[PDB]
Trainee: 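My structure is below; once you've seen it, I'll send some questions.
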Number of protein chains: 4
Amino acid sequence: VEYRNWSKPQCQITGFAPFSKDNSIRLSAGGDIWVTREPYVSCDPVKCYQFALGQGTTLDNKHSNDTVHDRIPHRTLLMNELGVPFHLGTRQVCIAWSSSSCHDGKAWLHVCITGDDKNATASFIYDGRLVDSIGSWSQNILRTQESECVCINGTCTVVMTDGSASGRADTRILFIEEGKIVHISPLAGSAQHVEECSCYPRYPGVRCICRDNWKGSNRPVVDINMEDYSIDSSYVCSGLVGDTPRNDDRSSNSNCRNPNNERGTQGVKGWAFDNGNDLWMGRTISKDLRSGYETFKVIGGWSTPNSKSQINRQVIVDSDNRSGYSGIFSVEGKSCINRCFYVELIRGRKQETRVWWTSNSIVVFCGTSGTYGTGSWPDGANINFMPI
Amino acid sequence: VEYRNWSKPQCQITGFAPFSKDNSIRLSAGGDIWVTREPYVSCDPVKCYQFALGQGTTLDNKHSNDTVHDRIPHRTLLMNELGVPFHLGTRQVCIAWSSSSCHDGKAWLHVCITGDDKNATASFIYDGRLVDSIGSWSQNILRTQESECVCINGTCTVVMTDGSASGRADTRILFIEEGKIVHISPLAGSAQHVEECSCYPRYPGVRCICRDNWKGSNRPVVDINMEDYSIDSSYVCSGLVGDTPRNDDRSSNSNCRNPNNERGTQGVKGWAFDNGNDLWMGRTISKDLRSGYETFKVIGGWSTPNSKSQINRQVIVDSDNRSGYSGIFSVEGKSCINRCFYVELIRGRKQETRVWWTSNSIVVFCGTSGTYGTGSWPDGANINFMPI
Amino acid sequence: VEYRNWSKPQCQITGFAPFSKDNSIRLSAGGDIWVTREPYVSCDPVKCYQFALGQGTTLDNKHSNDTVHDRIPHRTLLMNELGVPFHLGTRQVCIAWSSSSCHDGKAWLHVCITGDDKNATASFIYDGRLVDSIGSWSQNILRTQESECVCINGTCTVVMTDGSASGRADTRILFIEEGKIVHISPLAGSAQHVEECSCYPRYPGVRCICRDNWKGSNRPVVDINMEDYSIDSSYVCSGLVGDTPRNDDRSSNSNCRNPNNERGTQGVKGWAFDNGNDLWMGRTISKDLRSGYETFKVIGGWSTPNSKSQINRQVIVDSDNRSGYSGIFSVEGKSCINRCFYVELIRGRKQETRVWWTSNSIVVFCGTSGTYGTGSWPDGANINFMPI
Amino acid sequence: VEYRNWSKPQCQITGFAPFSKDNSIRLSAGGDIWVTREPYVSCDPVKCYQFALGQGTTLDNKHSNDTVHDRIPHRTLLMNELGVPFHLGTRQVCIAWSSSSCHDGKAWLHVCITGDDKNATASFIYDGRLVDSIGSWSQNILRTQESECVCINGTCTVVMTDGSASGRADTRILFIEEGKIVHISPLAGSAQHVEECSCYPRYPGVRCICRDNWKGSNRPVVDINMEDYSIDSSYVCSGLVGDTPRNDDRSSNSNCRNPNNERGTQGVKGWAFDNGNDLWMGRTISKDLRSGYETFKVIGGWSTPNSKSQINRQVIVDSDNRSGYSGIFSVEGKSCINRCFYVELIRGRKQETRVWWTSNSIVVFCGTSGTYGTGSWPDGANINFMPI
Ligand SMILES: *[C@@H]1O[C@H](CO[C@H]2O[C@@H](C)[C@@H](O)[C@@H](O)[C@@H]2O)[C@@H](O[C@@H]2O[C@H](CO)[C@@H](O[C@@H]3O[C@H](CO)[C@@H](O)[C@H](O[C@H]4O[C@H](CO)[C@@H](O[C@@H]5O[C@H](CO)[C@@H](O[C@H]6O[C@H](CO)[C@H](OS(=O)(=O)O)[C@H](O)[C@H]6NC(C)=O)[C@H](O)[C@H]5NC(C)=O)[C@H](O)[C@@H]4O)[C@@H]3O)[C@H](O)[C@H]2NC(C)=O)[C@H](O)[C@H]1NC(C)=O
Ligand SMILES: *[C@@H]1O[C@H](CO)[C@@H](O[C@@H]2O[C@H](CO)[C@@H](O[C@@H]3O[C@H](CO[C@H]4O[C@H](CO)[C@@H](O)[C@H](O)[C@@H]4O)[C@@H](O)[C@H](O[C@H]4O[C@H](CO)[C@@H](O)[C@H](O)[C@@H]4O[C@H]4O[C@H](CO)[C@@H](O)[C@H](O)[C@@H]4O)[C@@H]3O)[C@H](O)[C@H]2NC(C)=O)[C@H](O)[C@H]1NC(C)=O
Ligand SMILES: *[C@@H]1O[C@H](CO)[C@@H](O[C@@H]2O[C@H](CO)[C@@H](O[C@@H]3O[C@H](CO[C@H]4O[C@H](CO)[C@@H](O)[C@H](O)[C@@H]4O)[C@@H](O)[C@H](O[C@H]4O[C@H](CO)[C@@H](O)[C@H](O)[C@@H]4O[C@H]4O[C@H](CO)[C@@H](O)[C@H](O)[C@@H]4O)[C@@H]3O)[C@H](O)[C@H]2NC(C)=O)[C@H](O)[C@H]1NC(C)=O
Ligand SMILES: *[C@@H]1O[C@H](CO)[C@@H](O[C@@H]2O[C@H](CO)[C@@H](O[C@@H]3O[C@H](CO[C@H]4O[C@H](CO)[C@@H](O)[C@H](O)[C@@H]4O)[C@@H](O)[C@H](O[C@H]4O[C@H](CO)[C@@H](O)[C@H](O)[C@@H]4O[C@H]4O[C@H](CO)[C@@H](O)[C@H](O)[C@@H]4O)[C@@H]3O)[C@H](O)[C@H]2NC(C)=O)[C@H](O)[C@H]1NC(C)=O
Ligand SMILES: *[C@@H]1O[C@H](CO)[C@@H](O[C@@H]2O[C@H](CO)[C@@H](O[C@@H]3O[C@H](CO[C@H]4O[C@H](CO)[C@@H](O)[C@H](O)[C@@H]4O)[C@@H](O)[C@H](O[C@H]4O[C@H](CO)[C@@H](O)[C@H](O)[C@@H]4O[C@H]4O[C@H](CO)[C@@H](O)[C@H](O)[C@@H]4O)[C@@H]3O)[C@H](O)[C@H]2NC(C)=O)[C@H](O)[C@H]1NC(C)=O
Ligand SMILES: CC(=O)N[C@H]1[C@H]([C@H](O)[C@H](O)CO)O[C@@](O)(C(=O)O)C[C@@H]1O
Ligand SMILES: CC(=O)N[C@H]1[C@H]([C@H](O)[C@H](O)CO)O[C@@](O)(C(=O)O)C[C@@H]1O
Ligand SMILES: CC(=O)N[C@H]1[C@H]([C@H](O)[C@H](O)CO)O[C@@](O)(C(=O)O)C[C@@H]1O
Ligand SMILES: CC(=O)N[C@H]1[C@H]([C@H](O)[C@H](O)CO)O[C@@](O)(C(=O)O)C[C@@H]1O
Ligand SMILES: *[C@@H]1O[C@H](CO)[C@@H](O)[C@H](O)[C@H]1NC(C)=O
Ligand SMILES: *[C@@H]1O[C@H](CO)[C@@H](O)[C@H](O)[C@H]1NC(C)=O
Ligand SMILES: [Ca+2]
Ligand SMILES: [Ca+2]
Ligand SMILES: [Ca+2]
Ligand SMILES: [Ca+2]
């Protein structure tokens, strides 16, 4: 067994093709299914696994009432082969209300965060053993990715932040070998706020598109040099802009360097990735609510301040259905490495009031160089049939 | 690990012996079992797996209401070891309302089709990764086998069609190596309509008996030359005729070359395979409804226009119980390769009105050169005990 | 991987020690558990599996009503690691209302019997593939062991009978290599009726203690010569006598050669095994009903006509609780091969009338050369808490 | 595969970091979860498994009524990967109302005890086979660890006791190779009563901190010489004292040699381990009830009679929530071997009267040399939502 070094060209893609859907909410109205949120999928070298933070309860269970809250001591990271839903025989890999897992070629790495908001501890579990831990540096909710970390040659890097949600915060990128933190680098460059990074191997680096929860509608870019541990950061040039709230494409802007200050506050985890000077990306279809999801290529989106020429758009969840968080994940192919993404469909409170729980389900698509058609693949549950 | 090349004689068979039954509908009245239809079983070199398209819900779940529909975005391909039923811990291998999976010696191939009827996309998942995709060529429901594809020396072939259901349609046979489409051949020869092929290794070719949904009660034969990618097609000579609707054996005909035009429209997936000049086959016992299932050898059935001398018949599901789709699957034996088949028993709407769901269960038999007796092995559920 | 040849001394045993209990009936009042009967456990070279014939339904399911019947088309052989109960994710290995499985060192062999009582077919599934089949020779319920077959050097032998239940019947011992029947030997020697053999490796032979359902309270002994395929048969000498109905030890007899004709008709599957001139055995504690279960050594029980000196008795299920079938299974130890047994605890109709189902649970003990104490380990379900 | 010899330094630890929580009671109000108590986790060389004694029933099942009792014939040892809860597909490894499992590098060892209180039998199951058994020496509840045994170079040692609960009792330490008892040593040194040892590898020995159920609030220390089979025993020096009932730190004492006689009677399984002259330990936060759980280092706690200087304390379950038994488990790390612990959170009767069952759930932490924060991770179930 050898370490993953990811040195293969990114595959050229034409757009995305359907890959998986687990249908957890339709099934919960006739089965015992875990209540979850912040899902993600990561992939070892032979097969793919889906993950999620559970709320320590199943949906048709009175303990699902008020699961809107993001942090309780009972949240654990659930892990299953991609496609098998979170039934009662699923494994709780660790205690966590914030996580990031990745496989380095030889074993899985899970960083799990639980604890008091003001004094959280992050555990680094590697190959089944606890190998290290870190406590909260700014005493205000130590958080992380909520999607995959990425390892090159034995070192896995994860980006975490502690500080204000909508204010200045402290961000450090950690480099860890076999579960042991081997270096910590503070954020550098121009990003003003960084939360939930969606990171991906871009040999010899790793690149992350994150959430700016303070001043931007455009998303931050964090660049990690795996050899010097140097960090660099900017914003995505695309004038099209992927966070929610966002302005609307007529009036939206990005200059590649600062927060655009257009409906800056709040956000949603998202992804985007480069292809030459172009950008492939997804965002919700609504500019105000987390509804619908669409992906497209922005010609010039990676390199020209404000480029808004779009092409190859695809609807993934129509605008009348709910979406949520989304992230990227890379699968190594035979000749190139491909990029795929998952989009969390959340259901329940606060937006839907008939029930007292909050849960999600997932749908995931992978890049393709072939051809494809059209569709909309939403959650599917009829809220009127659900246990409340 | 090496590629399956299937070069071994077909085993001589005497008839079929019982092999598996999963009992999914009896169990659904006291367990959480997936709602499914279009089942099939395929087999890797060490063990056999059963598959089916689920309706993204379990039976005792309000979302099972109106599952009569064949295509919704929530259908996924379910996969389990043959014999373990589709309980909540089953894996949804991909998104699909039409599929075909096969194992080439080294990994599984799944072609999954989802999307808009007018603009569907077929994904080629090989060894866990998405490796290729194709969009709809005639903009009218891209569909495929619904049973096993077959691979020889590394190339797997699947036959798909897009076009009218009962009208002229476009059929292409795709050759794919490691998930990547390496050639596409249009249908050739005399078949007029080809849907749902039941294909099997017949070294160095592959032969398929399909469904003619427009003008025939006799079934099409598609012959694929794995070396030139040439396609040839005809109809099965047997005057006995396996599609449903069918005429009745007194008045039924087939001339090996054209649709017989006897109750042509509509059909049901079926199988049949050759043995010298003889034909082994199964069809429903009713000539109008999908009820009962029987298998037999037709002396001369493969080679003489209209041969109707039957022998070795076996009832598999008596004529008072429901059957459905059926297909073939080959298992490599020690000295010869054997042929087996599965018969889908559907239950629910539209035929049975007490409940609002539609689901199936399966029973599967394998060829045998030994001896056997008689029986009838139907679904078994008492419709009056079912959740509605 | 090599073939099991069982050539190691039988371990000297002092009595039996507790080994497993699966608690299927207590659990069925709060879980979806398969309805089953005729359980048995067999063991491959690394681990042990428990088996049973299911009634194609779970207990809290309306289809469990009237499961008293021994043969319906929906019965399948269930198989799980010893100790995990038959939950909905269990595998139905084959269709069968009568079975026998064994592992020959390299793969499992399952002989499964389904079909019409007057024309049943037995399938020989080996290593996942159907490899052979046989039809009913006397047209009257082809039946077999209901416990483990045993293989030595590649050949597995099973004993089957077809004929009257309580009358003269036809018994053949089949020798099968890799799933293929390689020889069939008719019964020889003095046994008058042979049903349900409990067989065990006794290098270079196999010895079986069976059920005489016509004229005996003493149990038949069938001896198979694996090298000439010769069969020999007698009755167990012990005057103590293990079938139920039985007379009572004061008035019971056995002369090692003929049925004792003491409450001959009917019976129950049982086991017994030799140790020098002694006999280790188990029987129900009642001489009329299948209640309680006790094991003991009968000094001289193997060799002296009528020996009744008992020693080392152990109660396994007290006389106020229900028991059922019981059988033997051998596990190869490090220096000797040990003998273990399972005892089926049945519940439900006809004896208990509150519920309409019939099911069992199991408890299993293994030989030991150490020390042990006392106990009673019954089913445990309170019939008043059960779903009816 | 080679035998575990545990010869690596203990890792230096700073305190404990969160490791797993299975949430079995919240889940039981919406799923079929086993009723259990006396949990523990043990770990083979690649991964960790959690264990527990089940009460042969699930919680939402009428058979859970009155599960307060510690010994019934239906209790079995359950075993799963750490983190997957005891759902219906869990394996009952053996019959037992008292257990101890450990992995010696090459296979698991399970000592299981069932039987009559006055005449219990302990089975030694090794690598799937029963290999030995022992009967009760003092005819009064043969009991054992209820947490992991530990093996060095092929020999596993377990400590068992038979005798009075609160009175003089007989304790023997057994040494077993491959499931076979190879030597038995009676307790020696100064401990007066020894129950439930929490033992750990301390090359070349094994050290155990146990429960003194007769005369002490301070816990016994048992030292096993793996080379001479010599036993030595004392009490933990720490004046802080970990059993419950206990006096309170102002008035508590320990002189390293005798029971302190401060609220001696009764107890609770616990752990503690040495680090130079210091002691790491956990105890309940209440000195009277099993509520809350806290861990800390006692400077001088291992070597100075009565040392009470505490430092590094951590709350694990706040004082307003229930805790229970706790034990230690060692995981071999890359350069040193680490120590981890589990704390059983019990719920139900007798303390909580709304329901009629008694069950537990677990939370587990592992040592860490890094940093950490604060939290409280209790069971979580709202007793008013539970099935009764
Ligand atoms: C968890 O477990 C516990 C304990 O578990 C064990 O419990 C049982 C269930 C076992 O089976 C095990 O499986 C289990 O593990 C449970 O707790 C128990 O729950 C019981 C109820 O479920 C409760 O009540 C008991 O239950 C027993 C069986 O369930 C009964 O036998 C018992 O009563 C018996 O004796 C009674 C004597 O009076 C008798 O009463 C009859 O009724 C009338 C009442 O009006 C008597 O007299 C009146 O009669 C007429 C009118 O009809 C005249 O009226 S009038 O005055 O003129 O107007 C009479 O004059 C008047 N009498 C006067 C004035 O004196 C009548 O005479 C009686 N009949 C006779 C023939 O005597 C009754 O029929 C029974 O025979 C009682 O019901 C248990 O106490 C309770 N135990 C504990 C420790 O809690 C838990 O419930 C479960 N539950 C859960 C959820 O876990
Ligand atoms: C079957 O399935 C296939 C695959 O899904 C599908 O094809 C894809 O269709 C989409 C939708 O049309 C294509 O994406 C669009 O691409 C155009 C750009 O392409 C045109 O122009 C360039 C040069 O500019 C030419 O080279 C090219 O040949 C085309 O002529 C974009 O402009 C589209 O974006 C606009 O439209 C979206 C809605 O479709 C808006 O939401 C978006 O905001 C953009 O609108 C803005 O700009 C417009 C002017 O530029 C303006 O008019 C609006 O008001 C607004 O300001 C979109 O990206 C995609 O590329 C196709 N993919 C491929 C591989 O062919 C089939 O359509 C489908 N058919 C059916 C029946 O289902
Ligand atoms: C125990 O189990 C065994 C195995 O299942 C079973 O044996 C099988 O029985 C079936 C049913 O009889 C056999 O199949 C029939 O085969 C005949 C042909 O065989 C006869 O004729 C040939 C020469 O022609 C001889 O060589 C041979 O020895 C036989 O004499 C077919 O004719 C049968 O088909 C007709 O009957 C069917 C119903 O059985 C109809 O549904 C079908 O439509 C056919 O009918 C048409 O033709 C008839 C004249 O040809 C006419 O009379 C009708 O009106 C109609 O027009 C059928 O294929 C099978 O081969 C046996 N298998 C083996 C290996 O022996 C036992 O019967 C079973 N016994 C019991 C008690 O359960
Ligand atoms: C703790 O746990 C241990 C292990 O379970 C247990 O020890 C076992 O006890 C049983 C029950 O006593 C023992 O089995 C009995 O063995 C005697 C024979 O042994 C005696 O005699 C021989 C010579 O004959 C001596 O060598 C030997 O030392 C003994 O003195 C059998 O006779 C017993 O069978 C009779 O009793 C049964 C009930 O116990 C009846 O059901 C059975 O039908 C037999 O009765 C018939 O014969 C009797 C005269 O022979 C007559 O009196 C009756 O009316 C009837 O006609 C039985 O097999 C077993 O060997 C012990 N095992 C070991 C390894 O020691 C402890 O007893 C247990 N203690 C407690 C308190 O739980
Ligand atoms: C964020 O998370 C971190 C990690 O959890 C946490 O840090 C830890 O805090 C705890 C609680 O304070 C620390 O443990 C205490 O340690 C002191 C000893 O340390 C002091 O004194 C020594 C020399 O004596 C100095 O070297 C050292 O620098 C400190 O000044 C203990 O005394 C504490 O025990 C007493 O307090 C407990 C409650 O905290 C009592 O329950 C216990 O019974 C002890 O009380 C008794 O003695 C007292 C006098 O000694 C007396 O006043 C009482 O009345 C009573 O008689 C305790 O062990 C731990 O070491 C810290 N860990 C690390 C790695 O730093 C942060 O506090 C946390 N912050 C927030 C906001 O959440
Ligand atoms: C650790 C934690 O609470 N993370 C939460 C984050 C933070 O609130 C934002 O990043 C602001 O910092 O976002 C969510 O609330 C959200 O957008 O739905 C969900 C997530 O659980
Ligand atoms: C992709 C799709 O809809 N396939 C469906 C096909 C087509 O309708 C026919 O092939 C006509 O083209 O047949 C069914 O309707 C049927 O016979 O029960 C089921 C199946 O789901
Ligand atoms: C194949 C079959 O029906 N086997 C059944 C046998 C036969 O009836 C007897 O062997 C008489 O032949 O015994 C049972 O009825 C019984 O004793 O409970 C159960 C079993 O299912
Ligand atoms: C074998 C057995 O009954 N063990 C039990 C022990 C003993 O009672 C004590 O060790 C006194 O000997 O402790 C418990 O009761 C307890 O503390 O909750 C639980 C456990 O099941
Ligand atoms: C088919 O494969 C087998 C097994 O690898 C090989 O021995 C045989 O020669 C091959 N035959 C052909 C015609 O490819
Ligand atoms: C312990 O085991 C390791 C791994 O096999 C070995 O290298 C080491 O030398 C052993 N040490 C002792 C003291 O047995
Ligand atoms: Ca924002
Ligand atoms: Ca037709
Ligand atoms: Ca009899
Ligand atoms: Ca005490």
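Below, chain A is the first sequence line, B the second, and so on; all start at residue 1. The basis for the numbers below is simple: all heavy atoms, side chains too, and nothing from hydrogens, waters or symmetry mates.
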Trainee: If you apply the rule side chain to side chain contact (heavy atoms under 4.5 Å, CB included), what do you find for C:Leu27 with D:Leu88, and how did you get there?
Mentor: CA-CA 8 Å; C:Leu27 296 174; D:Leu88 287 174; 4.0 Å; yes
Trainee: Roughly how far, to the nearest 0.5 Å, is the NE2 atom of D:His110 from the OG atom of D:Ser99?
Mentor: 9.5 Å
Trainee: Using the salt bridge (charged side-chain N to carboxylate O under 4.0 Å, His left out) rule, take D:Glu178 and C:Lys334 through it: C-alpha gap first, then chi angles, then the decisive distance, then the call.
Mentor: CA-CA 10 Å; D:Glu178 282 173 308; C:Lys334 202 192 304 302; 2.9 Å; yes
Trainee: Taking the six-membered ring of C:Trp280 (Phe, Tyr or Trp), confirm whether the NZ or CZ of C:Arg339 is under 6.0 Å from its centre and within 45° of its axis.
Mentor: no
Trainee: Classify the ring geometry between C:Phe341 and C:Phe16 as parallel (under 30°), tilted (30 to 60°) or perpendicular (over 60°).
Mentor: perpendicular
Trainee: Determine, stepwise, if the pair D:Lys180 / D:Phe124 fulfils side chain to side chain contact (heavy atoms under 4.5 Å, CB included).
Mentor: CA-CA 7 Å; D:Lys180 173 63 58 195; D:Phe124 293 87; over 6 Å; no
Trainee: Is the SG-SG separation for the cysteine pair C:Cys210 and C:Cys197 below 2.5 Å?
Mentor: yes
Trainee: May I ask you to check whether C:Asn80 and C:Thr90 show a side-chain donor-acceptor distance below 3.5 Å?
Mentor: yes
Trainee: Run the side chain to side chain contact (heavy atoms under 4.5 Å, CB included) check on D:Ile141 and D:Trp97 step by step: do they pass?
Mentor: CA-CA 10 Å; D:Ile141 304 186; D:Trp97 34 244; 4.2 Å; yes
Trainee: Taking atom types as modelled, is there a side-chain donor on C:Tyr235 or C:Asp212 under 3.5 Å from an acceptor on the other?
Mentor: yes
Trainee: For residues D:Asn61 and D:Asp32, determine if any side-chain heavy atom of one lies less than 4.5 Å from a side-chain heavy atom of the other.
Mentor: no
Trainee: At what distance, to the nearest 0.5 angstrom, does CH2 of C:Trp271 lie from CD1 of C:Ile209?
Mentor: 10.0 Å
Trainee: Using 0.5 Å steps for rounding, measure from the CG atom of C:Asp248 to the OG atom of C:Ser286.
Mentor: 11.5 Å
Trainee: Regarding C:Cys237 and C:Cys256, I want to know if their SG-SG distance comes in below 2.5 Å, which is how I'm defining a disulfide.
Mentor: yes
Trainee: Any side-chain donor paired with an acceptor under 3.5 Å for C:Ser101 and C:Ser42?
Mentor: no
Trainee: Measure from the side-chain N and O atoms of C:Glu352 to the backbone N and O of C:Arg347, and report whether any donor-acceptor pair falls under 3.5 Å.
Mentor: no
Trainee: Is it the case that more than 12 heavy atoms not belonging to D:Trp108 sit under 6.0 Å from its CH2 atom?
Mentor: yes
Trainee: Have C:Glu196 and C:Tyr325 got a donor and an acceptor in their side chains that come within less than 3.5 Å?
Mentor: yes
Trainee: Identify the heavy atoms of C:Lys269 and C:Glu146 that sit nearest to each other, and give their distance.
Mentor: CE-O, 3.7 Å
Trainee: Is C:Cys149 disulfide-linked to C:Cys199, taking SG-SG under 2.5 Å as the test?
Mentor: no
Trainee: Before you tell me yes or no, could you show the steps for C:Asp223 and C:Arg202 under salt bridge (charged side-chain N to carboxylate O under 4.0 Å, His left out), namely the whole-Å CA-CA distance, both residues' side-chain angles and the distance that decides it to 0.1 Å?
Mentor: CA-CA 10 Å; C:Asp223 271 320; C:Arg202 208 189 95 94; 5.5 Å; no
Trainee: Would you compute the distance between atom CG of C:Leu345 and atom OG of C:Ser361 and round it to the nearest 0.5 angstrom?
Mentor: 4.0 Å
Trainee: Does C:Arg283 form a salt bridge (charged side-chain N to carboxylate O under 4.0 Å, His left out) with C:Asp249? I'd like the steps, not just the answer.
Mentor: CA-CA 12 Å; C:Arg283 33 137 130 151; C:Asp249 311 334; 3.1 Å; yes
Trainee: Is it true that C:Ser323 and C:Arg290 share a donor-acceptor pair across their side chains at a distance under 3.5 Å?
Mentor: no
Trainee: Kindly state each residue pair satisfying salt bridge (charged side-chain N to carboxylate O under 4.0 Å, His left out) with at least one member in residues 295-319 of chain C, sequence neighbours excluded.
Mentor: C:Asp278-C:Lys297, C:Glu294-C:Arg313
Trainee: Below 30° counts as parallel, above 60° as perpendicular, anything between as tilted: where do the rings of D:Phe51 and D:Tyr40 land?
Mentor: parallel
Trainee: Can you establish whether the number of heavy atoms outside C:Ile388 located under 6.0 Å from its atom CD1 is more than 12?
Mentor: no
Trainee: Check C:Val268 against C:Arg219 and note the closest heavy-atom contact, atom names and distance.
Mentor: O-NH2, 2.6 Å
Trainee: Check whether the side chains of C:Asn277 and C:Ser303 place a donor and an acceptor atom closer than 3.5 Å, and report yes or no.
Mentor: yes
Trainee: After noting the C-alpha distance and the side-chain angles of C:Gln55 and C:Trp357, does the key distance pass the side chain to side chain contact (heavy atoms under 4.5 Å, CB included) rule?
Mentor: CA-CA 10 Å; C:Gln55 288 297 356; C:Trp357 50 266; over 6 Å; no
Trainee: When you check the side-chain N and O atoms of C:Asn306 and C:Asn253, is any donor under 3.5 Å from an acceptor?
Mentor: yes
Trainee: Will you find, in the side chains of C:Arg37 and C:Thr67, an N or O donor that is under 3.5 Å from an N or O acceptor?
Mentor: no
Trainee: Return yes if a side-chain donor-acceptor contact under 3.5 Å exists between C:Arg349 and C:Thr358, otherwise no.
Mentor: no
Trainee: Is the closest side-chain donor-acceptor distance between C:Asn213 and C:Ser166 under 3.5 Å?
Mentor: yes
Trainee: Report the C-alpha distance between D:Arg75 and D:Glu38 in whole Å, list the side-chain angles of each, state the deciding distance to 0.1 Å, and finish with yes or no for salt bridge (charged side-chain N to carboxylate O under 4.0 Å, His left out).
Mentor: CA-CA 11 Å; D:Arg75 301 205 72 185; D:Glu38 295 82 38; 3.0 Å; yes
Trainee: How would you list all residue pairs meeting ring pair (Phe, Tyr, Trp, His ring centres under 6.0 Å) that involve residues 367-388 of chain C, not counting sequence neighbours?
Mentor: C:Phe365-C:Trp377, C:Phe385-D:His63
Trainee: Between C:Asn360 and C:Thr36, is there a side-chain donor-acceptor contact under 3.5 Å, judged purely by atom types and distance?
Mentor: yes
Trainee: Under the rule for salt bridge (charged side-chain N to carboxylate O under 4.0 Å, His left out), what residues qualify as partners of D:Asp162, not counting sequence neighbours?
Mentor: none
Trainee: Should the heavy atoms of other residues, nucleotides or ligands under 6.0 Å from CD of C:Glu81 be counted, would the total exceed 12?
Mentor: yes
